[PDB]
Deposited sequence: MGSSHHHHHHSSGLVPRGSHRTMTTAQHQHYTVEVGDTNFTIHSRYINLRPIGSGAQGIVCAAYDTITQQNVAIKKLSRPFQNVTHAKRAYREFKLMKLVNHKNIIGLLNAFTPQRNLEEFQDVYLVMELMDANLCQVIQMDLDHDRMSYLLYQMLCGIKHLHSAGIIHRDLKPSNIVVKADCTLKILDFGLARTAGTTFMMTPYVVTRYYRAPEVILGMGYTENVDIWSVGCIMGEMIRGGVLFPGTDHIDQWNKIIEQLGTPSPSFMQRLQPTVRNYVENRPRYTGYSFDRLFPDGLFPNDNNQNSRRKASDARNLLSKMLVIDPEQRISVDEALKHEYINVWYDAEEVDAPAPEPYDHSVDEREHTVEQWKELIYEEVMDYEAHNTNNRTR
């Protein structure tokens, strides 16, 4: 059986097993599962078959959640639809273990070095595992990462489809996206290292590094802090964006000592060395030209991170690679695939 309750602006129809629904993060609520006796998170996906773009995103994220297996990526406990057949099928519900906070809420707590380094180590182990499956994320952000009260971190999502294109000139948080993504260049796996450096820098300051109303505002924030990039970089750009990037003000960049001064880190010797190690890592991750930015593996071996290094976490490959396979189908056909996939669960 199932029943219906309203949580804020949204209605949830779920299985009777799930009780005490309350709002969190709204299409996600917290609940108690009576059968397994644990707190859970329930996310409602309203008509995921509604168009080719929503349908492709829902179906891919459903496949990836079951393909991947790592302690730093959220796992599915259950998935169901309370509708009784295909004709009536409308909504899918995903059920997850309930973590204690999102990474925004954790950053707002003003983290020390032990916690910042451990959370970064786990984010990089997660990314490494995703890359081992052929998934390059491109859209990592703190609101889509959650943390347990013991500091275990889990990435909630899988990012942009390989086809998904981005353009400089044309509702979503974009502040953690790499230069190559926002300028519409090609990308490699280290696109995700830029995002991790943006989060690391925000863990230290508490505020967004490169905020901005649009890609143009965000590019200006990037060059004001880090400096104007090289002519070789600019020459890879498409003509419209190239002309814009070439005719901006010429900035030198601030030294990382000025971008992340000692006075914005946790304390004030032991403190000063930990800040110095963090700056060195930022100087390698927040690098505009991806040809000179470090890799995931080099970041995991870095002095700021490697205090947690454990070969069994780090060398933990995906059981299979994802075949970016997810297909031109009608609305009606997308409905059937998603429905049978949910049933199969």
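Enquirer: Could you give the ranges of the deposited sequence that carry no C-alpha coordinates?
Expert: Model skips 1 to 28, 54 to 57, 203 to 205, 304 to 305, 364 to 365, 385 to 394 of the deposited chain.
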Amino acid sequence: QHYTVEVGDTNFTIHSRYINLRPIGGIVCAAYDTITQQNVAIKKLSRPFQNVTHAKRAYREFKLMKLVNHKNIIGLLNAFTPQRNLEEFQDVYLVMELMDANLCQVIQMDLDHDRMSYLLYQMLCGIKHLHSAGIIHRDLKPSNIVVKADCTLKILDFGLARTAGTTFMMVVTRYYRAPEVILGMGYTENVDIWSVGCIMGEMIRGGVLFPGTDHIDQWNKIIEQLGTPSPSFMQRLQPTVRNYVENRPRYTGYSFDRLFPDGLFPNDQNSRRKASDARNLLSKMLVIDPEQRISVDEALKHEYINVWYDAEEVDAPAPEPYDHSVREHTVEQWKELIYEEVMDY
From here on, numbers count along this sequence of modelled residues.
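Enquirer: On mean Cα temperature factor in this entry, is 30 to 38 or 286 to 294 the higher one?
Expert: Comparing 30 to 38 with 286 to 294, the higher mean C-alpha B-factor belongs to 30 to 38.
Enquirer: Could you settle it for me: does 313 to 321 or 49 to 57 have the higher average Cα B factor in the PDB entry?
Expert: The deposited B-factors put 49 to 57 ahead on the C-alpha mean.
Enquirer: Between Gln122, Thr173, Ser271, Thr228, which carries the biggest CA temperature factor in the record?
Expert: By C-alpha B-factor in the record, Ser271 ranks first.
Enquirer: From the list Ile204, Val146, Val92, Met169, select the residue with the highest C-alpha B factor recorded in the entry.
Expert: Reading the PDB entry, the winner on C-alpha B-factor is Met169.
Enquirer: Considering every modelled residue of the chain and its Cα B-factor in the PDB entry, is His131 in the lowest, middle or highest third?
Expert: Its C-alpha B-factor belongs to the lowest third of this chain's values.
Enquirer: Considering only modelled residues of the same chain, in which third does the CA B-factor of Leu264 rank: lowest, middle or highest?
Expert: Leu264: CA B-factor falls in the middle third of its chain.
Enquirer: Taking the C-alpha B-factors as the PDB entry records them, is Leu237 in the lowest, middle or highest third of its chain?
Expert: Ranked within chain, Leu237 CA B lands in the middle tercile.
Enquirer: Could you tell me which third, lowest, middle or highest, the C-alpha B-factor of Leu98 occupies within its chain?
Expert: Middle third of the chain for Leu98's C-alpha B-factor.
Enquirer: Mind checking which third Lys221 falls in for C-alpha B-factor across the chain?
Expert: Middle third, going by the recorded CA B-factors of the chain.
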